[PDB]
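Heads up, the thing below is written out as structure tokens.
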Amino acid sequence: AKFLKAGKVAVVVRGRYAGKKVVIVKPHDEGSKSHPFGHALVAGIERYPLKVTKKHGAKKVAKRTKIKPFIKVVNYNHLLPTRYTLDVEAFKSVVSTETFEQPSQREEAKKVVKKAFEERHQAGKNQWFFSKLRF
Amino acid sequence: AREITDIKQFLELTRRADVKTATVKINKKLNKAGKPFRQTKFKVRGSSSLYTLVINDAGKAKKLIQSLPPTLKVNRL
Amino acid sequence: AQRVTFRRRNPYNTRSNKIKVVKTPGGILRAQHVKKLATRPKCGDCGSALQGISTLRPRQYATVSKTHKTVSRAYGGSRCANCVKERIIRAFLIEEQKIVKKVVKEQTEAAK
Amino acid sequence: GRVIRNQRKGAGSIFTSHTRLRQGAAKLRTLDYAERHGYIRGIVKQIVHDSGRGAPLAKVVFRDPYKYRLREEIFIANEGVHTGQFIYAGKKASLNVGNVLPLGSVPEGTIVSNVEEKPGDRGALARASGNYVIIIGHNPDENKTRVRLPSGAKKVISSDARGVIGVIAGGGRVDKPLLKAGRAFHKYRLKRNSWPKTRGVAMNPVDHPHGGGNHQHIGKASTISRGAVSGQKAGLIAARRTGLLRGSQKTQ
Amino acid sequence: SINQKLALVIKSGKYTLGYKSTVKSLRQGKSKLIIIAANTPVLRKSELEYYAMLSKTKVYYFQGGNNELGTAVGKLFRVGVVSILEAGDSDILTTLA
Amino acid sequence: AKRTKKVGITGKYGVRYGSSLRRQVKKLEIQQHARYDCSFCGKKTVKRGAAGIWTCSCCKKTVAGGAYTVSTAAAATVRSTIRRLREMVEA
RNA sequence: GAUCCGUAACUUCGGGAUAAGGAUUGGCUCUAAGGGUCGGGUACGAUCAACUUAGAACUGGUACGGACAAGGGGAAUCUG
RNA sequence: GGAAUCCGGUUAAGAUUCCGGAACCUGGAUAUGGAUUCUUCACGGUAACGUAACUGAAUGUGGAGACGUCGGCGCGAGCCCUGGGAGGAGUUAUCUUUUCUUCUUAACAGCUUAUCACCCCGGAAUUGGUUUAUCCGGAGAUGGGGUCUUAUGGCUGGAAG
């Protein structure tokens, strides 16, 4: 079946986000008058939250667990699809084709993904997604 | 040893407080097929590099030497 | 037909004593001493020259900015985007197989 | 007479080994805790030509068990190994080509090479190209192992001495004639200094026990005793037979 | 034999040879079966088994190298993986293959 | 055309060295200068680089082997001995 | 020297071998062959630039690798 | 092996060393601008990767330094050869739009520039591409579109003074 779906977690293998884990937000299985190949709209995590222990204080536990996200159109061949799944409905509306092309919308959409991803990592749902892949 | 192409970037160079001196070099050249014309070179000497501004329009050259600061030790030719 | 000399007191044709003959604005030939050529940096895995990195003699890499000696990726000026690519494939699949290798032994200890 | 040539061989002036281009001493890993209790896995990174030697050498990198660093050892490449292979060094490792195991953990008839003599001397026997020992038997009490050396001489050694399974690469090397004095020149150019060894019968009575005469002849028996003296040992030292070997030398 | 079964899919079914067209047909859910040669690299074989389990596709392993897998598909080059897009009238789907 | 009758590669030695010595060289210089099949990628690209070193052009894997051929006759039976001796352990 | 012809015994079949042995060779005037780049909707022509080889006529006190440079060759014996 | 200097002029004899102009390196303090930041530690490209920047100690890994010889091929530099033109000198009983000669551009810097290599689209037997030399392609050729190394070359600055 078509496993590249709108909740699937992928791992980028090519280009400035290589090794950074993403989740497919909108699969475009073929074509565009833009990017003319099978491409997916992914939301990712660029700077992973560091490991936190009992030793870290109240303003260090906040500083350790910040999340820098990114949003990206990426080729299917530059994705390694995983078995993992992440909820996507919190930023389904914000990330679209209109989000790119006008970069002013890009930063106003990156904030929603940061608010969403940090809301998962606190009360730590989806443990595999918020860990840096080691290579 | 570096050409400056923006004429307003050349004018902010002259007040950079190390440029004590400059020079205006005139070269008799031709405009690519026939008749001669007057090109002028505005060379300011910075503390570590020489900036050059070539001006082909000899009218626009006249509006630039008045735009030089009155303190610059301008060496004509 | 203007013959030329060395300019330093090494009169031998060594590696450090190369000569290119150039014309000066005095209208004469003069030799100029050319340094030895820079090699490209090579990839740490495959050994191929890795692109986007400027090729300088090794102490000249301290005069240039960061973006002449890197590309924008994990393992920038060290590995070559295809050894990085197989590194992510290999890290993902073995550590996923280790998740399989954990629980496939958890049925043997549950059924012996 | 004067000092003859093989007595000058030991003073080590021009007769030392020409060891610039050597890659290093080919050695097994030292017996740490991992090598004698379980195993450890290294990666063969490069198969490389070492000057003065016929066998190729293999850089095998290992993870240091006690410090975060990498340790590169230089093995002799057994025949079949390739760069990128995982090599398993230790007691409880598997009987594959390339894995170095103690001799007590291999069955009888296992063909190993680079085998230690004392457990811990990092590789002594069966170490030139093509060679191998055969583990022919175990004595599990007083734990010993009878092996057969490449010269056919049988030897009992410790069952904790290690060795790498397989034979050593570059074998069949000496089946090609050198054809030239240039190839023998370049052969011994990276080993020592004894290429052009003028026959002792063509020298003078100062230079050798064989020199002189109005014909080129040895004059006395060329088989010299073991209890002879440095300076007399020119010929066949302690020869228990001479002439062409007809029959089965080939010791049982 | 298995080589008799493949010879009908080449002449009466739909398929793709090569790696980049195979994992494309995994991503589209268009593959029915993939046959991997024996001498494929283990990392390429590991993701082709991973792309199958994301699509619930069955993996068959050929009993030979890429020189003799390209022989069974009737071609003079060497193929590393063949991906059956469509069983035709052959029976690779319904057999142990 | 067919340039030499029987000397083959060893015609570079000309008339020297003795014919039976140039015959044993021709047996091995054909073997060490030939291209062998790679075990890993299945291409015929493996060429010798030095005595006992056999490198493949594409996939770049360097395999250790015999001095003039990739697999010697001695080490092939060794690999099948240790193959036999290992399956007496797992069985 | 170069070009063309012709090359033996013997051989380890690679050589021997420039084997041995012959012919030609200047100057001038021509002929022929060997090339580059440009425009053809989805058969050719303009033009430019090379020294190489072969041939023909004429010519001279039969001369011409005109100085320079530049293998003597063969039939064997001893020996390494 | 190696941080970094070139041109022009000058002396009775010195010069990559002096003089005029124009650079670069190392060590050191440092001030201002640009950049980053309310998503704290930059964004763009599918990607190769781009850039005026764009924090990163311990420790670890890797690259450069760092490398044989011969052969042929491609490219560059200088030299040689040659055409017109602008000067000068020679020959000129006769001839010769003739014989000789000057016509140059450094280090350094900005833009651009390549074999190789890599990326995307595509999926090839009727096998195709291609070297002087036969090697490459389903482990993805030919093809279309791109990215990089800047040896090297072109233009401009240096610089016609």
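First residue shown is number 1, and so on along the chain.
Going by what the header records, the deposited coordinates were determined by electron microscopy, 3.3 Å.
Each Cβ is built from the backbone N, Cα and C atoms, and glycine gets one as well.
The ubiquitin cross-link annotation in Swiss-Prot covers D:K45 (among others). For D:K45 (ubiquitin cross-link), the same-chain residues lying six or more positions away in sequence with a CB closer than 8 A to its CB are D:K59, D:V60, D:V61, D:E72, D:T83.
Proximity of D:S51 (phosphoserine) to non-local residues of its own chain (separation of 6 or more, Cβ distance below 8 Å) is seen for D:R20, D:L21, D:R22, D:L190, given in sequence order. Marked as phosphoserine by Swiss-Prot: D:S51 (among others).
Within the same chain, residues at least 6 positions away in sequence whose Cβ sits under 8 Å from that of D:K92 (ubiquitin cross-link) are D:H37, D:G38, D:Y39, D:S105. The annotation ubiquitin cross-link is assigned in Swiss-Prot to D:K92 (among others) on the grounds of a large-scale study or a structure entry.
In the three-state DSSP reading, D:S94 (phosphoserine) counts as coil. Here the Cβ of D:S94 (phosphoserine) has 14 other Cβ atoms within 10 Å, regardless of which shown protein chain they belong to. Taken from Swiss-Prot, the feature phosphoserine applies to D:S94 (among others), supported by a large-scale study or a structure entry.
According to Swiss-Prot, the ubiquitin cross-link annotation covers D:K118 (among others), on the basis of a large-scale study or a structure entry. Annotation for D:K118 (ubiquitin cross-link): spatial neighbours D:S158, D:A161, criterion Cβ-Cβ under 8 Å with sequence separation of six or more.
According to DSSP, D:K144 (ubiquitin cross-link) sits within a strand segment. Counting only residues at least six positions away in the same chain, the Cβ atoms of D:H138, D:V156, D:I157, D:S158, D:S159 sit under 8 Å from the Cβ of D:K144 (ubiquitin cross-link). According to Swiss-Prot, the feature ubiquitin cross-link maps to D:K144 (among others), an assignment based on a large-scale study or a structure entry.
D:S158 (phosphoserine) has a Cβ environment of 18 other Cβ atoms inside 10 Å. D:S158 (phosphoserine) carries a strand DSSP state (E or B). Per Swiss-Prot, phosphoserine is recorded for D:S158 (among others), and the stated evidence type is a large-scale study or a structure entry.
According to Swiss-Prot, the phosphoserine annotation covers D:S159 (among others), on the basis of a large-scale study or a structure entry.
All protein chains included, D:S248 (phosphoserine) registers 7 other Cβ atoms within 10 Å of its own Cβ. Per Swiss-Prot, the feature phosphoserine maps to D:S248 (among others); the stated evidence is a large-scale study or a structure entry.
Taking 8 Å as the upper bound (exclusive) on CB-CB distance to chain A, the recorded positions D:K118, D:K144, D:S159 give none. Its own atom aside, the Cβ of D:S159 (phosphoserine) has 19 Cβ atoms within 10 angstroms in the protein chains shown.
Filtering of the recorded positions D:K45, D:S51, D:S94 by Cβ separation from chain F (threshold: under 8 Å) yields D:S94, ordered along the sequence. Taken residue by residue with DSSP, D:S51 (phosphoserine) is part of neither helix nor strand, so it is coil.
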